[PDB]
Structures are given as structure tokens and as C-alpha cells.
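Okay, so here's the structure we're looking at.
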Amino acid sequence: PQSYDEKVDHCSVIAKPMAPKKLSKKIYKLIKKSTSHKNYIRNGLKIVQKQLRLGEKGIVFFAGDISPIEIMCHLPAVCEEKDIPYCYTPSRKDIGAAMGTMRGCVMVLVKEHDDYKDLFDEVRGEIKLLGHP
Amino acid sequence: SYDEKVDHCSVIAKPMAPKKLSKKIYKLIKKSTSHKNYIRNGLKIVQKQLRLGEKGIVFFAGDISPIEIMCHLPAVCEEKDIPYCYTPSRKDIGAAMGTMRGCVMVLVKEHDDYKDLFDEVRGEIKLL
Amino acid sequence: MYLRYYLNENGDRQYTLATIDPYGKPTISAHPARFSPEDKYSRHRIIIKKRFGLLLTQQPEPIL
Amino acid sequence: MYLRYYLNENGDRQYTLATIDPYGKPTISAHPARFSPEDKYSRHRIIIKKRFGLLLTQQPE
Amino acid sequence: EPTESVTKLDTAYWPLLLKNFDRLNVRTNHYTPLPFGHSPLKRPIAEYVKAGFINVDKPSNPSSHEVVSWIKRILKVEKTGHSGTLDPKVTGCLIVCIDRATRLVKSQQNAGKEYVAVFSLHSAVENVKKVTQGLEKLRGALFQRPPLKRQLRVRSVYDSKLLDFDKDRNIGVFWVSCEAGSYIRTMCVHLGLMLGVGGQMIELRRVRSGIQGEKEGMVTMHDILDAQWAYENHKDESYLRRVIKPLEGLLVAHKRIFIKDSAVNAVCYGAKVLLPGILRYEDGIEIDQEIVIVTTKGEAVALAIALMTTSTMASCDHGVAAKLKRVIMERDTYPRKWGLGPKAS
Amino acid sequence: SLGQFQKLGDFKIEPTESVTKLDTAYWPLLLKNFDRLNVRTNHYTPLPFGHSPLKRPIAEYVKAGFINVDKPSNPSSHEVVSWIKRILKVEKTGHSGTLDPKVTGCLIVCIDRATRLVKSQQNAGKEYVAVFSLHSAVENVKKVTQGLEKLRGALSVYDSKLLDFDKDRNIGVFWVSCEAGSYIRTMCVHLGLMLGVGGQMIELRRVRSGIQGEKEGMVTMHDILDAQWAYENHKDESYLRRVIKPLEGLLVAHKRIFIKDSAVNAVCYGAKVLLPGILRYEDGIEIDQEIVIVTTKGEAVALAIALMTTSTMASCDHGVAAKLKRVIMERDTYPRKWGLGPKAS
Amino acid sequence: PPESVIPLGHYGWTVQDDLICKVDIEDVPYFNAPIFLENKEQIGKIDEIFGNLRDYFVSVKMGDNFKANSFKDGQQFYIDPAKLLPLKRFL
RNA sequence: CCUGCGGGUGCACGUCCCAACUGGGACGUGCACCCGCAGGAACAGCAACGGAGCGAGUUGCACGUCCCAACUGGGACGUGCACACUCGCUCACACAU
């Protein structure tokens, strides 16, 4: 099975800040947990872009393995402007598995809920502590 | 040796049988000479047979110069769907055909006496 | 889409339909990112590319 | 046939009855292929020669 | 260094129409320089765009004409054209001329193209050797029908080379070098027929259009957008200069004839190049050949048809060296200085 | 970076250099060392008619070419000439030297208009390489070498050399140069008689016929057939241009007199090559010498015999400079512009 | 309906419901040109003229009952002389 | 007067005999070798009165809002986007010191 250290090296030169291994598990757990509510997770490039345009707060997750970068390289700076924390995940297939749809998604928008308030808090703080280059 | 001989062959000698495949290819030639009409040797007879539409596996000797004598026959074989391969030197073809005189090329039909080796050589050729 | 590529030492586009490249690294898709003229994200792209060193003016100038 | 030749640095032709040149390589026979006007194998000659880059068009100069 | 003299750099490294200007035949070194015109790469930005062109890696869906009009709308230019139409679902190089450089559109039609296609064979073929041979036999001048006029046309396929074949998916890729106008959809249909299985083109990508290719300053449409955004909102011309290249780059392959600053304006008014005004001419000029008249600064005055060879110019003292085919430089760029020859009678 | 220097540097041609020397040693065929020719007058009006020797259309190219063919072993030379006539589909075809049926080597085959030059090549030098066998053994190799040294003269045989000798089979190979018409079999039997044991030939291979040799684009008959087939199916003449060579290649050893474009058709229609139309000439012309009349495009107008030394042509203002020997140019390749001169009118 | 017929060329291979027929006559047939047998029997029409300009092929689309298998190697196919073009026209 | 043009041996092929990139035979095809005519009567001219520039004739795409069931493909509602000759006007009519 592909290791996590080698899997990170395959991501683009724009895939930073890159959630470490423990944080990556925490991000997968969060996405799985939030799936329960249909209308509290966004999925897809157009969908996440639309909601970030309409000022929807939360934590966005990207896929480090994306090519060409010019389909999503404008979203990193839209999140920075609008103060939405974000972190890149080692590879797209992992996020796809996190949702359990087998079709990897480039990005996701996890909002806050009572059911997963602690986890969403734990992850948001960790991402902020990670730092932006 | 064998590697020096392959170095001595011409640039159009591809695909090329390895040493082991060469031993098997030469065993085929020796086992095919036994029957008069089931082995064709020499340029003219093999070429006339290919034109007629005979089938089998053609073998070439890559130490021939000028290649203009046989630079068209590989392409005739390809068009007519006949497996073929080159071999390092002519004196091996002659020695393996029961003739001290070297033989440039041959064409081995199918006989039940050597069916197994025939199919084996065909398979090995198709994987090169 | 099918066509992907990997670069050799001369930086020549080597076209393969394989997802993984010979040396091990992945393959870059062969098609440019879809363009819509009503794209209001030029500033953000400039910022990110400048951050990671991908803008055109940052690569060495050509030799015409 | 008898005559054969081998190439020195200049491409100058060095004729010799020897089957092996002093450099260890075989000796190319001086004489060209026997020609038949009613030859129909020209397409196949171009096809094969091109595969290995031996065509006249493919040489420099 | 920044202040190094021009001569300190070997002449094999000069800008785009002066490359190896000493390797040419020097008819006379003597001329009065004039203070007009600019070097191609040092033009002001307001004229660089008007006298430039782009190498746009086309997106997937939009048509070529839509892409050209898009660049026109972004750059706020007056005219734009392209020198080879790429299908709506086909990616790859596309040379877009801006304003004054649209006069070179016609000259670029007959350039040699190159594509890299993907073809799916209905049934299964035995071995990649079959497909390599099938591509081998489909070479030279070939009959081709435009895909769904119906006039058969003959265009040559100078070369072709299979890059990848993947048997389980029965799809593969092949690189085709072709004369302008070649339809690679038709080539794929014919190839599928030839292998005896059937097949069709499912994806195409141009990899060169003339002397321009994917490694020759190619840029995506996002880059044009961002260059214009940088110019409007920041006053930064670096991006626009990286993206847009001078029209003189489409003519590096034309045999050259340098003319004196006195003759540059006559040619713009319709005058035929005359031998007295030639400073330098390049070997290999043949009768009825397309050559580029170049100012001493490297600007492209016109495309002219040579009516005297290299040996003739080297042995004559007057006459018509070349007739005109398409004048590039605008009129009155250089002053009117015709009628003041050594006789002036 | 160098690109930055290109974008920031002037890079304009210097106003003057004061020297305009030409490097003509590399121009093709009869234009080599063009500038070194004595220049009599550069005032003339070129005509747009006619091509350069190497860049003719394919029809005119075949119609005025020659092939250095490697002759196969079996046929007679006239058979090879008939074969080339059939393959190339040219009305007329000939050759200079008739190689014996069992010989191989250089064989200059002129195609339908270079057939006017065959007479001139009949005297050209020739080289061979023969294999011979002796009836009985000799003392040592030095005896053979001496025997060859005694047959170097008017028997002519300009040089000879024992390339190889096998004492076991008594067969050796030697290289000889000889004037045209020499029968080398006679020479070998003579060497056998001189050696005191007798001898006869087994093989022979002509290794040069004049200025044409083995490495000077010699091509097998297979190359001729393949070239014709490629041109007749792919409509490609790159093969047929490598095979055939322009007939000017056989006249590169002659002294040249270039003439105005207005005297070309006059010389074609027979007029003598008068001084009023000589633009340049090669120093070293002596009375009764074979020279080639050349247009300024490198075309071989004709073969004439000089009636004026270089000095006289330099120091004279009227009179005939040569009388014609063979009009190699076809009539009406240039317009008839004789009779419009000042003096003539 | 065919006043006359001449030999277009001999048989090639089969590609699904198509029959490639190695064309011999130097002339290039019309698109959707009815190809007949020796006895003036239309079997189909032309669909895809592919290959070089002197040794080429021409596919056919059998519609009126005849199948690809029905023919066999060496067999010959015909065409109306009036439904041809000169090789020079396209060249 | 000058010019141009004309006036049974071997070899290759296909098919058969036998005893190398071959020599041997036979049968058949083929290919190679064993003065008249015509053009012109030529002293080699021509450093701008036809060139250029403009104008006319000879369905998909992207945005947004929605329905649903990857950088997606689908639907509807609105947006914007692309789908050689002749005839006119102007310029000079240029041998580039």
C-alpha cells in the first residue's frame, strides 16, 4: 500500500499547508462524521466555489494531487481573503473514500454542527496552528 | 562466441533470436531437413514460395551484405502474416541444414514430426 | 481525460495514457484548465502563483 | 565473390580479398545487388529501409 | 552585464531577425541611420500588442473562433485572426495574431502541423506490431474526406509514430506529422479500417503549428487574462510581454534581405525592393520564393517574392530584387526619402 | 539572463564596416569561387526566366540530370541505360563509358539532355580495381610489384598499386588509373606475360570515371527504381533529387565565362559568345581551351572553345570571345533579346 | 441501369459490415458510387476512399441483401465508367 | 555561316529437371549489341508608370437560478459570445546617396 510520506511527494508545488498524518486522520474522521447530514457538507469544485462566493463559513479541504493547478489555484486565495481556514489532504482518493463514493473529489466544505462540534473545533485549531506559507 | 557474431550482423537484423532461441531455431532447421518438400532453402525458392502464398516461419541470417538482396523480404513476410526472425550467422544455418555452404534464409512448414518445437519457436518469436 | 504526459531531461512532452510515469512520479494531464471569460479570479491566481513561483514572469526568460 | 572492402576513417574504400578487416569487423562485398527491371518489391524496400534509417533521403547532406 | 556593448555578444545570439546577420552576404555596409522605428523587442507597449501574436493552448470545449474573439475582448484590440482552425473538442497550439500581425495569417496557412491523437479500436488486434505496421503503411500522400464539403483531398503524412498502446482498454496514442489541412479524425477512421478492426479518434491535441510548438512560449488563456489584469490594475507590462511575442517570430524561417533605412518607406507604399537599397541578402534565394524584407533594426517591412537569386544580386548593380506580397509595416513609419539618389535627376 | 539582455539591448547593425568581401567557396556547382572571377561589368538586366541548377522543377530536373550508378555485375552497360530510360520514363538516355558485361562500378548515365555531354566524357580519366589470377606461381610478392612497375606508361597507365596478393591462390587485387579507352584485360594479360607465368582477370570494378567516384553520390539501380516509385505514388521527389544530380556537376572542372541574360538565347540559337555580353570569367583561359558558358544562375548555357586569353578579355572592347561546341541549353528557356543593342540598331 | 461496367479492383479484407476492395484503376470513384458485379449487380455504395494516390483501397456498404462474407479472396468488383474522376483532378 | 535533330551472342523474367548473395539444361516472353530536315543568322538594349493599404460581392460555447441523479456529463428558465476573381476609396508611381 502507498505510504503517506511518498504520497505527499506526489502533490503539486501549491499543496500547502499540508495536513500531517495525525491531522489527516482527523480530517478523514471529520468528513466521514459530517456526511451524516446531507445539507451540511458541500462537494465539488463548482459547488464549493459557489458557496465560498456566497459567503459560507467553515473549513475547506483540497486534494494535493491535482493537475493542472489552474482549475483550483484561485480558491486558496479566496479562502485567505474571506478568512476560511483550509488544508490540503495527501491525495484525492482518500477524500473520496472519506465520503465513501469511490469517485475522488478535489475539495470539500465541512461546516459546524452540534454532533461534531468538538472534532470540528479540534481540527480547525490544528489547521490554524499549522500556518500558511 | 555468440555476442560478437550479433555485433557482426547488419542493422536491419531485428527482431533477433537470443542464444537459447537460436539453439531452438537451429534444432528446428535440422529437424525440418529430414523431409524434402517441407523445408525451403535459398533466396529464390523461399521468395517464390512466399509469393505463391506458402505459410510457416521464415528465418534470416543477418550477416548478409548488401542487404538489398533481402531488404524487401521482411516486409513481404509482414504483409503476408508469416512469423519470422533473424539468426546470428549464416554458417550456422548451413551447418544446421546439413550443408557446409552457408544459407541466407529458409522457410519451415509444419509437420507433425516436429509440431512441438515448431509451435514453441512460433510462440517465442511472437513475443519478440 | 485520457492523454497524460511526463517530462524527460530535455523537458519534452512524452505522451502516455498511463497514470503513473516510468520514474515513479505521476503524469500531468495534457489539457489546459477550462476557461470562462467571466473569470473574476485573476488576482487570486496571481497571488498563489507568485507565492509558489509559477507565474510566467518568474520562469527564466526565453531565448528568441 | 572475391572482392570485398572496409572503411577507414575518411570513408575511403579499402579493397581487400580478406574476409576480416584489421579492425575485426567483416568485409563488405564490393558488388551491388543483382538488379531485375521487373521488380515489384520497391514499396517493401522503402518500408524496411526507412524503419532502420538507411534510406538515401535520411542521410545528411 | 546590462551595459555590455552589442558586439560583445556573439552574433549567433541576436534578436529574432538578426540572428547570424554576419553569416549573410554584405552588399554594402554604408547607410545613413535614421531615428525612426524600434527594435522588435523594445517597442512601446501600445505598439507591441498591435504588432504581436500569441501561442494559445486552446481549452477543450470552445471553438477556435470563440477563443480568438475572447482574446480580442480581453486585450481590447481592433482585430484578431488565427492561422488554422482547431475543432471545438480539440486542444493544442493556436497562433493568434493581433491587429497588424493578422496580415501574416495567410502566409501561415500552409505550415506543417503536428498532432497527438487517441484512437479506440472496436475489436482486438493481436500485437502492437500490427498497429505499428498499420501506421507505417499510412504515410505519404493520402486520400482524405472532410468529416461530417465532400470534396476528396490529398494531403501527405510526413511521419507517424505510436507512443502508447493499452490492450485491455484497446485504446492508444499516435503522433502524426501532417501538411496543413490534414484531418486526423479521417486518419484514425482509415487506420482502424486498415488494421481490420475499426476505430475512431476520441481525443486530439495539436503539438505544433508551423515553427511554433508546446515548448515554444506557449501560454494558456488564464495567462492572457492575468496579463491584461496586471496591465490594467497594476501597470505591469512584464506579463503581457511574456505572453505576447512579436510578429517577427513567425518569420525567422524566411530568407532575409536587409534594406537601408532610406528604402523602408518606399516598400511600404508599394515599391518593389530594388538592388541599390540592399545592405545584406541571404544565400539560397531562388526565383519565385517568399523572403522577408528586414530593416537594419530587425523590423519586418514586408513579405516579398524574390525575382533575383543570390548569384544574380551578387553580380548586378540595379533592378528589382523582389516584388511585394504583403506589406507588414505601417506607412509613414519611416520618413519619405525616395527620389534623392546619387543622380536625383 | 541572456533573454533580459536581448530585451534590453540595442542589437542594431553597425553603421559601417568598410569591407564587403564575399565567401563564395561554398556556393554550389559552377558558382564556386564566384567572387574570384575577373569582373568585367555588373550592369545588366536579369530576366525572370530560368531556375538555379539544383532547384529546378522535377520535370526539367530529370530532363537535365545524370546518375552515378553502381552497375550490377551481370548486364551490359547499354542494358543499364535502357533500364534507366524505361524506369524514369525519359525520351533519351545514354552514357560515356561502356563497362564490360561482368564488370561493376561507376557508370555515368546522362538523362535526355545531359546526353549532349556524353561525347565530352569519352576521354575523361578512369580508375579500376581488378582481381587477377596467374597460371603459375612466382618467386615472391616483390617480383609482382616490380612487374606492375614496368607497366606504368604508354602501353596509358598513370598509376598502379598492388592492393593485395594471396600466394596460396595466386590471386591479388590492384588499383589502376588509365586514360579512356584502355582495356584493362589486355593490361592484366600483359602483366602476366611480363611476370613470365601468364595471367587472366577474374573481377573488375570501376572506381572512378572522371571527377565522379564511389563516395560522390553513387547509387544502385534499386535506388533509381525506388525513387521513381516514391515519386509516382507519394508524389515525393526527395529520393529522386538525391539520386539524380544536375548536369552542371560534370562541368565543374571547366573554366567559366558568365554572360548576360540577354545573350543566352542568342548563344542557344548559335551566335558566337561575343565580348559585349561577358560579365565575368575565370583567369587562366588559353586559346583553344574548353570552357563553359554559364548564366548568372549557375546554368550551363553551352560548351565553347576560347579565342581570347584572360588578359585579352580583360583588355578588349569588341570581338568574339568563344565559338560554340555544344548548345546544352534548350532554346527558348530565355526570351530572344538579341538585336536590340545600341550598335546593332 | 449501368450501361457499362469496368473492373474497379480486386478484393481486400472485411471490417465489420464493410468490404475493403483493393482498387486498381488509376481513377478515383465517386462517393456513394454503386459498385456492381460482373453481371451488373449493385451490391453497395462507396463510403471511404483511403490510401495513397496510386495504390489504394475503397470501402463499400452492402445494403441490398449481399453480406461481406458472401465474397471471397481474388473475386473482382466493378464500377460504372461514368462514375470516375481522373487521377489528375484530385492531384 | 552557326546551331539542333535524324539516317545470333548476352541479359532479365515465369515455368519444370536434376545434381550460397551460385553456377548447369529446356521451354516460352520480353531488352541490349553484332547525306536529309529544321531554327537563327545574333556586337547582347531597357536606373519605375502598375504596386500597396482599406471596404463589399462571387448549432455550439460561457454565466446565473433551479431539478435531479469527479477537473463531469443532462434538463428548463434568462443572458451575452462565434458560426482565386470582380467591384469601389486612398496612397504614392519609389534604382534608396
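Residue numbers (the entry's author numbering), protein chains in the order written: chain C, 23 to 155; chain G, 25 to 152; chain H, 1 to 64; chain F, 1 to 61; chain D, 41 to 188, 193 to 389; chain A, 28 to 182, 200 to 389; chain B, 63 to 153.
No residue lacks a Cβ here, since even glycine has one placed at the ideal position from N, Cα and C.
Along the stretch 96-111 of chain C, where does the CB come closer than 7 Å to a CB of chain H? Name the residues.
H96, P98, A99 and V100
Distance check for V287/A and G257/A, CA to CA, integer angstroms please.
14 Å
Which residue marks the beginning of the beta strand (DSSP E) containing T264/D, and which one marks its end?
Note, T264/D: premise wrong, no beta strand (DSSP E); not H, not E.
Taking all protein chains shown into account, decide if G216/A is buried (16 or more other Cβ within 10 angstroms of its Cβ) or exposed.
buried
Roughly how many angstroms lie between the CA atoms of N214/D and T172/D, to the nearest whole one?
14 Å
Considering only the alpha carbon of each residue, which of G328/A, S253/A and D203/A lies closest to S123/A?
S253/A
Please name the residue in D210/A, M245/A, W219/A and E166/A whose C-alpha comes closest to that of residue 194/A.
No coordinates exist for residue 194/A; the numbering of chain A passes from 182 to 200 with nothing in between.
On a Cα-Cα basis, can you pick out the residue from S89/C, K54/C, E28/C and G153/C that is closest to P32/H?
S89/C
Terminal residues of the alpha helix (DSSP H) in which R34/F lies:
That residue, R34/F, is in no alpha helix (DSSP H); it is neither H nor E in DSSP.
Using a Cβ cut-off of 8 Å (strictly closer), state whether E92/C contacts chain H.
yes
Could you check the C-alpha separation between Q14/F and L126/A for me, to the nearest Å?
22 Å
Considering only C-alpha positions, which residue in the set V308/D, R249/D, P73/D and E41/D is nearest to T43/A?
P73/D
Terminal residues of the beta strand (DSSP E) in which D203/D lies
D203 to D210
Using a Cβ-Cβ distance under 8 Å, would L81/B count as near chain D?
no
Own chain residues within Cβ distance below 8 Å of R140/D, not counting five before or after
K90, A91, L291, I372 and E374
Among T120/A, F38/A and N69/A, whose alpha-carbon lies nearest the alpha-carbon of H362/D?
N69/A
Could you give the C-beta distance for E334/A and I349/A, rounded to a whole number, given that I count them as a contact under 8 Å?
6 Å
Is it the case that the Cβ atoms of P26/F and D87/G are separated by a distance below 8 Å?
yes
According to DSSP, what are the bridge partners of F128/B?
In DSSP, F128/B forms no bridge with anything.
Provide the residue span of the alpha helix (DSSP H) that contains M129/C, from first to last.
Neither: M129/C is in no alpha helix (DSSP H) and is coded neither H nor E.
For chain D, check one thing: does any of its Cβ atoms lie closer than 8 Å to the Cβ of residue 186/A?
Coordinates for residue 186/A are simply not present: the residues of chain A run from 182 and resume at 200.
Check whether the stretch 240-250 of chain A touches the stretch 128-145 of chain A, taking contact to mean three or more Cβ pairs, one atom from each stretch, closer than 8 Å.
yes
Among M1/H, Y2/H and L7/H, which has the Cα closest to the Cα of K259/D?
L7/H
If you measure between the beta carbons of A366/D and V296/D, is that distance less than 8 Å?
no
Within 10 Å of its beta-carbon, does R143/D have 16 or more other beta-carbons around it, so buried, or fewer, so exposed?
buried
N- and C-terminal bounds of the alpha helix (DSSP H) containing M231/D:
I228 to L239
CB contact below 8 Å: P60/F versus chain G
no
Measure the alpha-carbon distance for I91/G versus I85/A and round it to whole angstroms.
29 Å
Would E276/A pass as an interface residue toward chain B - the criterion being a Cβ-Cβ separation below 8 Å?
yes
Between which two residues does the beta strand (DSSP E) carrying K369/A extend?
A366 to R370
Interface partners of residue 191/D on chain H, CB under 7 Å
Absent here is residue 191/D, because the residues of chain D run from 188 on to 193 with nothing modelled in between.
Can a CB atom of chain H be found closer than 8 Å to the CB of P23/C?
no
Do three or more CB pairs link the stretch 43-51 of chain H to the stretch 92-102 of chain C at distances below 8 Å?
yes
Using the C-alpha atoms, what's the distance from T356/A back to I337/A?
17 Å
Does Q148/D come out as helix, strand or coil in the three-state DSSP assignment?
helix
How about the stretch 30-38 of chain G and the stretch 60-79 of chain C: do they share at least three Cβ pairs that are nearer than 8 Å?
no
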